[PDB]
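Student: Got a structure for you, questions after.
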Amino acid sequence: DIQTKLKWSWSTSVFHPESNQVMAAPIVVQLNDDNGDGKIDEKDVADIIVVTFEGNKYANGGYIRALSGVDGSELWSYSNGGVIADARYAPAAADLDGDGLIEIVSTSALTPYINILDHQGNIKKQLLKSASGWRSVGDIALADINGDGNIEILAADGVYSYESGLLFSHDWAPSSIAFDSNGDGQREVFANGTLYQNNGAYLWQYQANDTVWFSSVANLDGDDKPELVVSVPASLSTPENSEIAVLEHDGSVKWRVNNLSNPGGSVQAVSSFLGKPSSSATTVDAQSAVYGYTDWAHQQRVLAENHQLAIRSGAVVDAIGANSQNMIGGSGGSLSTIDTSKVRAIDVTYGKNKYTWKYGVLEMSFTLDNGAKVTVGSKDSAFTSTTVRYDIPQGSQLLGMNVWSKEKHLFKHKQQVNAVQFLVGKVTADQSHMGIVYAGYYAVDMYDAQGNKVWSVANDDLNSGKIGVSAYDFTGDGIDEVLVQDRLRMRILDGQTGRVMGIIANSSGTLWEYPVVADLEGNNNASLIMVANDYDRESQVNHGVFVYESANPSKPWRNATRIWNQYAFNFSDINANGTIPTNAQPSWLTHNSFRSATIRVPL
Ligand SMILES: [Ca+2]
Ligand SMILES: [Ca+2]
Ligand code: NA
Ligand code: NA
Ligand code: NA
Ligand code: NA
Ligand code: NA
């Protein structure tokens with residue numbers, strides 16, 4: 001079990017003491033100079049931003065409050081009278097203008113502007129919204145979607161430039177995200193089932209039975225392309241309209257589920273829940289014999305990159321490498337490539353070269369899984385030769401080669417491959433460790449990448465059907481646990497089985513908030529942050545913000561993000577200091593997670 005103890009809590013204020021309920025996910029960013037060095041950066045203690053409301057008035061706006069990561073004390077003076085934001089959606093934060101200080105982006109149905117606050121809670125910029133009222137209120141995500149160095153704001157009624165304001169309008173969407181769907185370097189915008197180019201041009205639209213709420217991007221199959229996970233919560237009286245679905249980059253359905261035994265669901269977390277990322281990796285575990293002549297040559301290992309090997313060859317096999325720039329062998333021959341994932345056998349011809357009278361590899365003939373043959377070199381180069389076949393074992397793939405090439409007393413343009421050896425390994429599904437988890441009206445359900453349900457854990461959310469989840473590796477074994485919330489309890493669930501590993505009393509009427517793990521101090525021992533409200537008789541335990549830490553000093557919560565800057569958090573769109581990258585590498589090819597706090601190194 002995971003043992004916890006309270007780090008601090010916030011439940012009251014001298015500024016509007018009646019506004020003390022919270023029902024939107026917390027945000028974590030640096031807002032003050034804790035160490036007194038005149039700067040605000042990752043050396044300080046990250047802070048919490050929430051929106052508070054009074055009683056049951058969560059639909060009528062609330063106050064943005066900044067809470068110190070150290071002790072929960074309020075960092076702001078509210079000398080401006082406070083800033084109203086919608087209390088149902090978390091704001092978003094980042095250093096938008098590059099001055100080293102965090103800005104906070106939010107809006108409400110009561111203002112015609114997107115309000116951008118400085119780190120002290122005072123208005124800094126305003127952008128006139130496309131829509132008014134409830135149609136202009138939803139999630140906000142921050143990204144540089146066209147790579148021009150300026151940050152775009154993805155809001156409920158359109159996409160905005162921090163500098164120039166509204167770029168294009170769209171119908172109300174509770175959720176928007178950006179990702180490069182087609183590999184052209186530009187990020188498209190996905191909102192309420194519609195994929196737009198970043199100028200607003202329509203690309204495609206997933207036809208659903210009700211509003212499409214939050215989405216995740218991840219790699220859930222065997223290619224380098226992104227997949228999209230989407231939730232349609234519908235309502236408890238129209239459960240036939242709810243679903244969870246995985247879409248391909250072109251909008252086609254990979255799989256979808258309508259589950260009448262657990263309808264609803266507005267948001268998911270996607271992460272390494274079913275195993276460690278390494279448990280899905282294909283590694284070398286066997287090899288062929290050595291074919292050819294090893295005298296006066298040093299064995300050098302060549303592993304295939306992107307399941308490809310490069311080969312230069314003419315009359316004979318001259319050089320082999322992972323790519324054309326890092327090749328073992330002589331300088332001659334023309335260039336070809338081999339798709340190693342398709343190779344099922346290789347015939348190697350080695351012997352005395354009739355042109356030079358040297359001994360080496362004269363030809364290799366690859367048999368592919370479709371029966372086609374790819375050859376390099378030529379058997380006709382032999383004065384004498386031997387031909388041998390190596391079969392790739394069933395269930396294994398060709399992963400690389402050991403290559404011998406003699407240099408002594410040879411011109412570089414006459415050096416060649418003198419011996420070869422094939423390296424193979426057992427094949428495994430590239431995403432067998434990945435899971436998709438979400439909460440419905442009745443339970444938290446975990447799915448594998450193919451749409452098979454792995455487990456279901458009863459979780460009372462009859463009042464909403466949209467409650468959120470997040471992910472974090474509390475135990476430190478490389479596999480994320482699931483963080484869940486219902487009317488009365490926050491719980492930690494085992495990723496592989498759903499077993500309950502921790503329970504914390506924490507009440508909420510529930511909307512779509514989730515708990516957050518973040519390493520506030522940066523010393524590799526994280527904090528667990530959750531919001532609470534007690535206005536409803538069926539969820540009357542506590543109210544405010546409650547922050548926990550590991551109760552066992554020999555069990556620190558390691559490798560947690562220093563920052564959780566928006567509701568659609570997935571690392572790749574934020575740096576630790578709060579700046580936003582101009583061209584971030586694709587999340588689905590690095591940590592391949594969404595709404596996980598766990599810092600992961602790719603591959
Ligand atoms: Ca400082
Ligand atoms: Ca701080
Ligand atoms: Na800034
Ligand atoms: Na931009
Ligand atoms: Na694109
Ligand atoms: Na993919
Ligand atoms: Na774990």
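Ordering of the structure tokens sets the chain letters (A, B, ...), residue numbers begin anew at 1 in every chain, and ligands are numbered from 1 in the order given.
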For ligand 6, return the neighbouring residues as number ranges by chain (distance at most 10 Å; only C-alpha atoms and all ligand atoms).
Tutor: A: 217-228, 248-249, 430-431, 588-589
Student: Kindly export the residues of the current selection with C-alpha atoms, as a compact mmCIF listing (two decimals), in the first residue's frame.
Tutor:
```txt
# COMPACT_ATOMS: atom_id res chain seq x y z
CA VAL A 217 -2.73 11.69 -28.23
CA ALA A 218 -0.49 8.65 -28.00
CA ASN A 219 1.10 5.85 -29.99
CA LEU A 220 -1.09 2.77 -29.63
CA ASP A 221 0.10 0.57 -32.53
CA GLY A 222 3.21 -0.32 -34.52
CA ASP A 223 3.80 2.81 -36.62
CA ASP A 224 5.27 6.22 -35.84
CA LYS A 225 1.92 7.98 -36.46
CA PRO A 226 -0.21 9.51 -33.68
CA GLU A 227 -3.46 8.01 -32.49
CA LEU A 228 -6.21 10.02 -30.81
CA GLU A 248 -6.21 7.13 -36.40
CA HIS A 249 -4.50 10.31 -37.58
CA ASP A 430 5.31 -2.40 -29.51
CA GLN A 431 2.57 -1.05 -27.20
CA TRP A 588 3.88 9.91 -28.76
CA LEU A 589 7.48 9.16 -29.82
```
Student: Which residues sit within 10 Å of ligand 5, counting only C-alpha atoms and all ligand atoms, listed as an NGL selection string?
Tutor: :A and (145-146 or 178-189 or 196-198)
Student: Just to be explicit: take each residue in the selection above, keep N, CA, C and O atoms, and write the result as a compact mmCIF listing (two decimals), in the first residue's frame.
Tutor:
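Written out: result.txt:
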```
# COMPACT_ATOMS: atom_id res chain seq x y z
N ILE A 145 1.63 26.39 -32.43
CA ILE A 145 1.07 25.41 -33.34
C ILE A 145 1.57 25.57 -34.77
O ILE A 145 1.37 24.65 -35.58
N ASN A 146 2.21 26.69 -35.10
CA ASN A 146 2.75 26.91 -36.43
C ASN A 146 4.26 27.11 -36.44
O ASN A 146 4.83 27.30 -37.52
N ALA A 178 -3.70 20.35 -29.65
CA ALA A 178 -2.96 20.51 -30.90
C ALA A 178 -1.91 19.41 -31.03
O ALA A 178 -1.25 19.06 -30.05
N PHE A 179 -1.77 18.89 -32.25
CA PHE A 179 -0.72 17.92 -32.54
C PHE A 179 -0.55 17.86 -34.05
O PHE A 179 -1.47 18.18 -34.81
N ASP A 180 0.65 17.46 -34.48
CA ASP A 180 0.95 17.28 -35.90
C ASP A 180 0.36 15.95 -36.34
O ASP A 180 0.94 14.89 -36.09
N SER A 181 -0.80 16.01 -36.99
CA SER A 181 -1.52 14.80 -37.37
C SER A 181 -0.96 14.14 -38.61
O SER A 181 -1.19 12.94 -38.81
N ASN A 182 -0.25 14.88 -39.46
CA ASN A 182 0.14 14.38 -40.77
C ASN A 182 1.63 14.53 -41.06
O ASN A 182 2.04 14.34 -42.21
N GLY A 183 2.44 14.88 -40.06
CA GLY A 183 3.88 14.93 -40.23
C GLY A 183 4.41 16.02 -41.14
O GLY A 183 5.50 15.86 -41.70
N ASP A 184 3.69 17.13 -41.30
CA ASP A 184 4.18 18.23 -42.12
C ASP A 184 4.80 19.35 -41.28
O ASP A 184 5.11 20.41 -41.83
N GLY A 185 4.98 19.14 -39.98
CA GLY A 185 5.58 20.13 -39.12
C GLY A 185 4.62 21.12 -38.51
O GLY A 185 4.97 21.76 -37.51
N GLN A 186 3.43 21.27 -39.08
CA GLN A 186 2.40 22.12 -38.50
C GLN A 186 1.52 21.29 -37.58
O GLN A 186 1.28 20.11 -37.82
N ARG A 187 1.03 21.92 -36.52
CA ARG A 187 0.13 21.24 -35.60
C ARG A 187 -1.31 21.60 -35.94
O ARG A 187 -1.65 22.78 -36.09
N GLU A 188 -2.13 20.57 -36.13
CA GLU A 188 -3.56 20.75 -36.31
C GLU A 188 -4.24 20.89 -34.96
O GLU A 188 -3.66 20.58 -33.91
N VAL A 189 -5.49 21.36 -34.99
CA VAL A 189 -6.28 21.60 -33.78
C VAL A 189 -7.45 20.64 -33.79
O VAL A 189 -8.24 20.60 -34.75
N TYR A 196 -8.96 20.63 -37.41
CA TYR A 196 -8.69 21.80 -38.24
C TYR A 196 -7.20 21.94 -38.47
O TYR A 196 -6.39 21.64 -37.59
N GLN A 197 -6.83 22.44 -39.65
CA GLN A 197 -5.52 23.05 -39.80
C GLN A 197 -5.43 24.27 -38.90
O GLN A 197 -6.44 24.79 -38.41
N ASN A 198 -4.20 24.74 -38.66
CA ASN A 198 -4.06 25.82 -37.69
C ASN A 198 -4.51 27.17 -38.24
O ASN A 198 -4.53 28.14 -37.47
```
Student: Could you list, as an MDAnalysis selection string, every residue within 9 Å of residue A:78, counting only C-alpha atoms and ignoring same-chain residues fewer than 3 positions away?
Tutor: chainID A and resid 15 65 81:83 120:122
Student: How many Å separate atom CA of residue A:507 from atom CA of residue A:528?
Tutor: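 Atom CA of residue A:528 lies at a distance of 15.5 Å from atom CA of residue A:507.
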Student: Rank nothing, just name the residue among A:73, A:60, A:209, A:566 nearest to ligand 2, using only C-alpha atoms and all ligand atoms.
Tutor: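 That would be A:73, the residue with the smallest distance to ligand 2.
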Student: Please identify all protein, DNA and RNA residues within 9 Å of ligand 1, counting only C-alpha atoms and all ligand atoms, and report them as a PyMOL selection string.
Tutor: chain A and resi 32-45
Student: Please identify every residue of chain A that has at least one atom no farther than 12 Å from an atom of ligand 4, counting only C-alpha atoms and all ligand atoms, and for each give the shortest atom pair and the distance in Å to one decimal, arranged by chain then increasing number, as JSON lines.
Tutor:
```
{"residue": "A:96", "atom": "CA", "partner": "ligand 4", "partner_atom_place_in_ligand_line": "1 (Na)", "distance": 10.7}
{"residue": "A:97", "atom": "CA", "partner": "ligand 4", "partner_atom_place_in_ligand_line": "1 (Na)", "distance": 11.8}
{"residue": "A:142", "atom": "CA", "partner": "ligand 4", "partner_atom_place_in_ligand_line": "1 (Na)", "distance": 9.9}
{"residue": "A:143", "atom": "CA", "partner": "ligand 4", "partner_atom_place_in_ligand_line": "1 (Na)", "distance": 7.2}
{"residue": "A:144", "atom": "CA", "partner": "ligand 4", "partner_atom_place_in_ligand_line": "1 (Na)", "distance": 4.0}
{"residue": "A:145", "atom": "CA", "partner": "ligand 4", "partner_atom_place_in_ligand_line": "1 (Na)", "distance": 5.1}
{"residue": "A:146", "atom": "CA", "partner": "ligand 4", "partner_atom_place_in_ligand_line": "1 (Na)", "distance": 4.7}
{"residue": "A:147", "atom": "CA", "partner": "ligand 4", "partner_atom_place_in_ligand_line": "1 (Na)", "distance": 5.1}
{"residue": "A:148", "atom": "CA", "partner": "ligand 4", "partner_atom_place_in_ligand_line": "1 (Na)", "distance": 4.6}
{"residue": "A:149", "atom": "CA", "partner": "ligand 4", "partner_atom_place_in_ligand_line": "1 (Na)", "distance": 5.3}
{"residue": "A:150", "atom": "CA", "partner": "ligand 4", "partner_atom_place_in_ligand_line": "1 (Na)", "distance": 4.0}
{"residue": "A:151", "atom": "CA", "partner": "ligand 4", "partner_atom_place_in_ligand_line": "1 (Na)", "distance": 4.7}
{"residue": "A:152", "atom": "CA", "partner": "ligand 4", "partner_atom_place_in_ligand_line": "1 (Na)", "distance": 5.5}
{"residue": "A:153", "atom": "CA", "partner": "ligand 4", "partner_atom_place_in_ligand_line": "1 (Na)", "distance": 9.3}
{"residue": "A:154", "atom": "CA", "partner": "ligand 4", "partner_atom_place_in_ligand_line": "1 (Na)", "distance": 11.4}
{"residue": "A:159", "atom": "CA", "partner": "ligand 4", "partner_atom_place_in_ligand_line": "1 (Na)", "distance": 10.9}
{"residue": "A:160", "atom": "CA", "partner": "ligand 4", "partner_atom_place_in_ligand_line": "1 (Na)", "distance": 9.7}
{"residue": "A:161", "atom": "CA", "partner": "ligand 4", "partner_atom_place_in_ligand_line": "1 (Na)", "distance": 7.3}
{"residue": "A:162", "atom": "CA", "partner": "ligand 4", "partner_atom_place_in_ligand_line": "1 (Na)", "distance": 8.8}
{"residue": "A:163", "atom": "CA", "partner": "ligand 4", "partner_atom_place_in_ligand_line": "1 (Na)", "distance": 9.7}
{"residue": "A:164", "atom": "CA", "partner": "ligand 4", "partner_atom_place_in_ligand_line": "1 (Na)", "distance": 10.8}
{"residue": "A:165", "atom": "CA", "partner": "ligand 4", "partner_atom_place_in_ligand_line": "1 (Na)", "distance": 11.8}
{"residue": "A:167", "atom": "CA", "partner": "ligand 4", "partner_atom_place_in_ligand_line": "1 (Na)", "distance": 10.9}
{"residue": "A:178", "atom": "CA", "partner": "ligand 4", "partner_atom_place_in_ligand_line": "1 (Na)", "distance": 11.5}
{"residue": "A:186", "atom": "CA", "partner": "ligand 4", "partner_atom_place_in_ligand_line": "1 (Na)", "distance": 9.7}
{"residue": "A:187", "atom": "CA", "partner": "ligand 4", "partner_atom_place_in_ligand_line": "1 (Na)", "distance": 9.7}
{"residue": "A:188", "atom": "CA", "partner": "ligand 4", "partner_atom_place_in_ligand_line": "1 (Na)", "distance": 11.9}
{"residue": "A:198", "atom": "CA", "partner": "ligand 4", "partner_atom_place_in_ligand_line": "1 (Na)", "distance": 9.4}
{"residue": "A:199", "atom": "CA", "partner": "ligand 4", "partner_atom_place_in_ligand_line": "1 (Na)", "distance": 11.1}
{"residue": "A:580", "atom": "CA", "partner": "ligand 4", "partner_atom_place_in_ligand_line": "1 (Na)", "distance": 10.2}
{"residue": "A:581", "atom": "CA", "partner": "ligand 4", "partner_atom_place_in_ligand_line": "1 (Na)", "distance": 10.0}
{"residue": "A:582", "atom": "CA", "partner": "ligand 4", "partner_atom_place_in_ligand_line": "1 (Na)", "distance": 7.4}
{"residue": "A:583", "atom": "CA", "partner": "ligand 4", "partner_atom_place_in_ligand_line": "1 (Na)", "distance": 9.6}
```
Student: Find the residues near stretch 451-460 of chain A: any atom within 10 Å, counting only C-alpha atoms, skip ones fewer than 6 places away on the same chain, and give them as a ChimeraX atom specification.
Tutor: /A:244-246,254-257,262,274,435-445,467,484-489,491,493,495-500
Student: Quick one: write out the picked residues with C-alpha atoms as a PDB file, in the first residue's frame?
Tutor:
```
ATOM      1  CA  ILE A 244     -14.693   5.937 -25.771  1.00  0.00           C
ATOM      2  CA  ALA A 245     -12.873   5.650 -29.073  1.00  0.00           C
ATOM      3  CA  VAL A 246      -9.390   5.517 -30.553  1.00  0.00           C
ATOM      4  CA  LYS A 254      -9.362   2.064 -34.763  1.00  0.00           C
ATOM      5  CA  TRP A 255     -11.857   0.840 -32.169  1.00  0.00           C
ATOM      6  CA  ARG A 256     -14.716   2.241 -30.114  1.00  0.00           C
ATOM      7  CA  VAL A 257     -16.764   1.095 -27.131  1.00  0.00           C
ATOM      8  CA  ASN A 262     -20.593   1.964 -17.295  1.00  0.00           C
ATOM      9  CA  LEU A 274       0.264  -2.594 -18.084  1.00  0.00           C
ATOM     10  CA  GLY A 435      -3.269   1.448 -21.302  1.00  0.00           C
ATOM     11  CA  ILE A 436      -6.190   3.843 -21.611  1.00  0.00           C
ATOM     12  CA  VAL A 437      -8.046   4.534 -18.366  1.00  0.00           C
ATOM     13  CA  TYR A 438     -11.124   6.640 -17.664  1.00  0.00           C
ATOM     14  CA  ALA A 439     -13.963   7.040 -15.188  1.00  0.00           C
ATOM     15  CA  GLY A 440     -17.611   6.667 -16.157  1.00  0.00           C
ATOM     16  CA  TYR A 441     -20.806   7.061 -14.166  1.00  0.00           C
ATOM     17  CA  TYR A 442     -20.210   3.759 -12.328  1.00  0.00           C
ATOM     18  CA  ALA A 443     -16.572   2.633 -12.603  1.00  0.00           C
ATOM     19  CA  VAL A 444     -12.986   3.313 -13.630  1.00  0.00           C
ATOM     20  CA  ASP A 445     -12.102   1.113 -16.618  1.00  0.00           C
ATOM     21  CA  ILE A 467     -14.802  12.853 -13.315  1.00  0.00           C
ATOM     22  CA  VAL A 484      -9.059   8.484  -9.280  1.00  0.00           C
ATOM     23  CA  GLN A 485     -11.742  10.452  -7.447  1.00  0.00           C
ATOM     24  CA  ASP A 486     -15.381   9.802  -6.612  1.00  0.00           C
ATOM     25  CA  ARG A 487     -17.945  11.509  -4.363  1.00  0.00           C
ATOM     26  CA  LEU A 488     -16.090  10.801  -1.099  1.00  0.00           C
ATOM     27  CA  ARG A 489     -12.621   9.344  -1.763  1.00  0.00           C
ATOM     28  CA  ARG A 491      -7.807   6.519  -4.513  1.00  0.00           C
ATOM     29  CA  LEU A 493      -5.182   2.053  -8.301  1.00  0.00           C
ATOM     30  CA  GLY A 495      -2.148   0.015 -13.285  1.00  0.00           C
ATOM     31  CA  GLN A 496      -2.107  -3.672 -14.173  1.00  0.00           C
ATOM     32  CA  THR A 497      -5.002  -4.901 -12.007  1.00  0.00           C
ATOM     33  CA  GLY A 498      -6.965  -1.980 -10.551  1.00  0.00           C
ATOM     34  CA  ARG A 499      -6.165  -3.106  -6.997  1.00  0.00           C
ATOM     35  CA  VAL A 500      -6.750  -0.251  -4.545  1.00  0.00           C
TER      36      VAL A 500
END
```
Student: What's the 7 Å shell around residue A:7, counting only C-alpha atoms, without same-chain residues fewer than 3 positions away, as number ranges by chain?
Tutor: A: 547-549
Student: Selected residues, N, CA and C atoms, written as a PDB file, in the first residue's frame, please.
Tutor:
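Done, and the output landed in out-v2.pdb:
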```
ATOM      1  N   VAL A 547      -2.913  18.781   0.063  1.00  0.00           N
ATOM      2  CA  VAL A 547      -1.653  18.340  -0.513  1.00  0.00           C
ATOM      3  C   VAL A 547      -1.040  17.315   0.426  1.00  0.00           C
ATOM      4  N   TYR A 548      -0.668  16.163  -0.127  1.00  0.00           N
ATOM      5  CA  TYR A 548      -0.141  15.045   0.630  1.00  0.00           C
ATOM      6  C   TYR A 548       1.264  14.715   0.153  1.00  0.00           C
ATOM      7  N   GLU A 549       1.981  13.979   0.992  1.00  0.00           N
ATOM      8  CA  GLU A 549       3.314  13.495   0.674  1.00  0.00           C
ATOM      9  C   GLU A 549       3.449  12.076   1.203  1.00  0.00           C
TER      10      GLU A 549
END
```
Student: Nearest to ligand 2: which of A:266, A:68, A:367, A:300 is it, counting only C-alpha atoms and all ligand atoms?
Tutor: A:68
Student: Measuring atom to atom with only C-alpha atoms and all ligand atoms, identify which of A:490, A:563, A:403, A:59 is nearest to ligand 2.
Tutor: A:563
Student: Fewer than 2 positions away in the same chain doesn't count, so skip those; otherwise give me all residues within 7 Å of residue A:413, counting only C-alpha atoms, as an NGL selection string.
Tutor: :A and (330-332 or 411 or 415)
Student: May I have the residues within 9 Å of ligand 7, computed using only C-alpha atoms and all ligand atoms, as a PyMOL selection string?
Tutor: chain A and resi 273+472-481+494-495
Student: Next, dump the selected residues to file, keeping only N, CA, C and O atoms, as an mmCIF file, in the first residue's frame.
Tutor:
```
data_model
loop_
_atom_site.group_PDB
_atom_site.id
_atom_site.type_symbol
_atom_site.label_atom_id
_atom_site.label_comp_id
_atom_site.auth_asym_id
_atom_site.auth_seq_id
_atom_site.Cartn_x
_atom_site.Cartn_y
_atom_site.Cartn_z
ATOM 1 N N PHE A 273 0.696 1.610 -18.240
ATOM 2 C CA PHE A 273 -0.055 1.077 -17.111
ATOM 3 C C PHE A 273 0.068 -0.432 -16.962
ATOM 4 O O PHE A 273 -0.124 -0.953 -15.859
ATOM 5 N N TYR A 472 0.571 8.364 -12.340
ATOM 6 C CA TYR A 472 1.875 8.601 -11.737
ATOM 7 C C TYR A 472 2.410 7.280 -11.192
ATOM 8 O O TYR A 472 1.643 6.435 -10.718
ATOM 9 N N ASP A 473 3.734 7.119 -11.256
ATOM 10 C CA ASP A 473 4.421 5.927 -10.749
ATOM 11 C C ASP A 473 4.843 6.198 -9.310
ATOM 12 O O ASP A 473 5.955 6.652 -9.040
ATOM 13 N N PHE A 474 3.934 5.916 -8.372
ATOM 14 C CA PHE A 474 4.245 6.049 -6.950
ATOM 15 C C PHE A 474 5.295 5.038 -6.506
ATOM 16 O O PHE A 474 6.158 5.354 -5.678
ATOM 17 N N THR A 475 5.213 3.810 -7.010
ATOM 18 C CA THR A 475 6.031 2.730 -6.472
ATOM 19 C C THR A 475 7.445 2.733 -7.027
ATOM 20 O O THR A 475 8.329 2.123 -6.423
ATOM 21 N N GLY A 476 7.673 3.392 -8.159
ATOM 22 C CA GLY A 476 9.005 3.484 -8.716
ATOM 23 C C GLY A 476 9.458 2.283 -9.515
ATOM 24 O O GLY A 476 10.664 2.114 -9.715
ATOM 25 N N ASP A 477 8.533 1.439 -9.978
ATOM 26 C CA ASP A 477 8.871 0.284 -10.800
ATOM 27 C C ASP A 477 8.744 0.566 -12.291
ATOM 28 O O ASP A 477 8.856 -0.359 -13.100
ATOM 29 N N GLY A 478 8.523 1.817 -12.675
ATOM 30 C CA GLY A 478 8.401 2.171 -14.075
ATOM 31 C C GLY A 478 7.009 2.033 -14.652
ATOM 32 O O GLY A 478 6.809 2.374 -15.828
ATOM 33 N N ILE A 479 6.043 1.555 -13.867
ATOM 34 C CA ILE A 479 4.661 1.377 -14.302
ATOM 35 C C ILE A 479 3.790 2.370 -13.544
ATOM 36 O O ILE A 479 3.843 2.433 -12.312
ATOM 37 N N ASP A 480 2.989 3.142 -14.275
ATOM 38 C CA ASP A 480 2.144 4.148 -13.646
ATOM 39 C C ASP A 480 0.995 3.489 -12.893
ATOM 40 O O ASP A 480 0.426 2.489 -13.343
ATOM 41 N N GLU A 481 0.681 4.051 -11.729
ATOM 42 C CA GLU A 481 -0.586 3.842 -11.052
ATOM 43 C C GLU A 481 -1.605 4.872 -11.550
ATOM 44 O O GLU A 481 -1.264 5.855 -12.214
ATOM 45 N N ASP A 494 -3.724 0.204 -8.846
ATOM 46 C CA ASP A 494 -2.652 -0.473 -9.559
ATOM 47 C C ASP A 494 -2.948 -0.458 -11.055
ATOM 48 O O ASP A 494 -4.069 -0.749 -11.483
ATOM 49 N N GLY A 495 -1.939 -0.102 -11.850
ATOM 50 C CA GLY A 495 -2.148 0.015 -13.285
ATOM 51 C C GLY A 495 -2.529 -1.296 -13.939
ATOM 52 O O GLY A 495 -3.368 -1.330 -14.841
#
```
Student: Tell me, as a PyMOL selection string, which residues lie within 12 Å of residue A:345, counting only C-alpha atoms; anything in the same chain fewer than 3 positions away does not count.
Tutor: chain A and resi 288+340-342+348+364-375+388-394+396-398+422+424
Student: The selected residues should be written to file as a PDB file, in the first residue's frame (atoms: C-alpha atoms).
Tutor:
```pdb
ATOM      1  CA  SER A 288      23.850 -16.732 -36.685  1.00  0.00           C
ATOM      2  CA  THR A 340      15.047  -5.630 -41.688  1.00  0.00           C
ATOM      3  CA  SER A 341      11.557  -6.151 -40.227  1.00  0.00           C
ATOM      4  CA  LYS A 342      10.579  -8.003 -43.435  1.00  0.00           C
ATOM      5  CA  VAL A 348      25.415 -15.288 -48.021  1.00  0.00           C
ATOM      6  CA  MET A 364      23.874 -11.369 -49.849  1.00  0.00           C
ATOM      7  CA  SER A 365      20.337 -12.237 -50.946  1.00  0.00           C
ATOM      8  CA  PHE A 366      17.531 -11.303 -48.543  1.00  0.00           C
ATOM      9  CA  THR A 367      14.264 -13.243 -48.755  1.00  0.00           C
ATOM     10  CA  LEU A 368      11.384 -11.097 -47.499  1.00  0.00           C
ATOM     11  CA  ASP A 369       8.121 -12.219 -45.917  1.00  0.00           C
ATOM     12  CA  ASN A 370       6.259 -11.690 -49.213  1.00  0.00           C
ATOM     13  CA  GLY A 371       8.731 -13.951 -51.041  1.00  0.00           C
ATOM     14  CA  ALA A 372      10.553 -11.098 -52.789  1.00  0.00           C
ATOM     15  CA  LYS A 373      14.350 -11.165 -52.979  1.00  0.00           C
ATOM     16  CA  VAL A 374      16.669  -8.206 -52.368  1.00  0.00           C
ATOM     17  CA  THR A 375      20.279  -8.748 -53.413  1.00  0.00           C
ATOM     18  CA  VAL A 388      25.044 -20.576 -46.929  1.00  0.00           C
ATOM     19  CA  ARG A 389      21.545 -19.720 -45.726  1.00  0.00           C
ATOM     20  CA  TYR A 390      20.571 -18.299 -42.353  1.00  0.00           C
ATOM     21  CA  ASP A 391      16.869 -18.475 -41.502  1.00  0.00           C
ATOM     22  CA  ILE A 392      15.471 -15.845 -39.148  1.00  0.00           C
ATOM     23  CA  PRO A 393      13.890 -17.940 -36.358  1.00  0.00           C
ATOM     24  CA  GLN A 394      10.105 -18.031 -36.278  1.00  0.00           C
ATOM     25  CA  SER A 396      12.080 -13.347 -34.230  1.00  0.00           C
ATOM     26  CA  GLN A 397      13.221 -10.476 -36.446  1.00  0.00           C
ATOM     27  CA  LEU A 398      16.544  -9.438 -37.942  1.00  0.00           C
ATOM     28  CA  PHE A 422      23.249 -11.752 -38.233  1.00  0.00           C
ATOM     29  CA  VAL A 424      18.063 -11.507 -34.176  1.00  0.00           C
TER      30      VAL A 424
END
```
Student: If you take only C-alpha atoms and all ligand atoms and a cut-off of 12 Å, which residues of chain A touch ligand 3, and what are their nearest atom pairs and distances in Å to one decimal, in chain and number order, as a tab-separated table?
Tutor:
```
residue	atom	partner	partner_atom_place_in_ligand_line	distance
A:30	CA	ligand 3	1 (Na)	11.4
A:31	CA	ligand 3	1 (Na)	10.8
A:40	CA	ligand 3	1 (Na)	10.8
A:41	CA	ligand 3	1 (Na)	11.6
A:93	CA	ligand 3	1 (Na)	9.6
A:94	CA	ligand 3	1 (Na)	7.1
A:95	CA	ligand 3	1 (Na)	3.9
A:96	CA	ligand 3	1 (Na)	5.0
A:97	CA	ligand 3	1 (Na)	4.7
A:98	CA	ligand 3	1 (Na)	5.1
A:99	CA	ligand 3	1 (Na)	4.6
A:100	CA	ligand 3	1 (Na)	5.4
A:101	CA	ligand 3	1 (Na)	4.0
A:102	CA	ligand 3	1 (Na)	4.8
A:103	CA	ligand 3	1 (Na)	5.4
A:104	CA	ligand 3	1 (Na)	9.2
A:105	CA	ligand 3	1 (Na)	11.4
A:116	CA	ligand 3	1 (Na)	10.2
A:117	CA	ligand 3	1 (Na)	9.6
A:118	CA	ligand 3	1 (Na)	7.2
A:119	CA	ligand 3	1 (Na)	8.2
A:120	CA	ligand 3	1 (Na)	11.5
A:124	CA	ligand 3	1 (Na)	9.7
A:125	CA	ligand 3	1 (Na)	11.0
A:151	CA	ligand 3	1 (Na)	11.3
A:162	CA	ligand 3	1 (Na)	11.1
A:577	CA	ligand 3	1 (Na)	10.6
A:578	CA	ligand 3	1 (Na)	8.6
A:579	CA	ligand 3	1 (Na)	8.3
A:580	CA	ligand 3	1 (Na)	10.7
```
Student: From stretch 476-522 of chain A, collect each residue whose DSSP state is strand (DSSP E or B) and return the set as a PyMOL selection string.
Tutor: chain A and resi 481-485+489-493+500-505+516-518
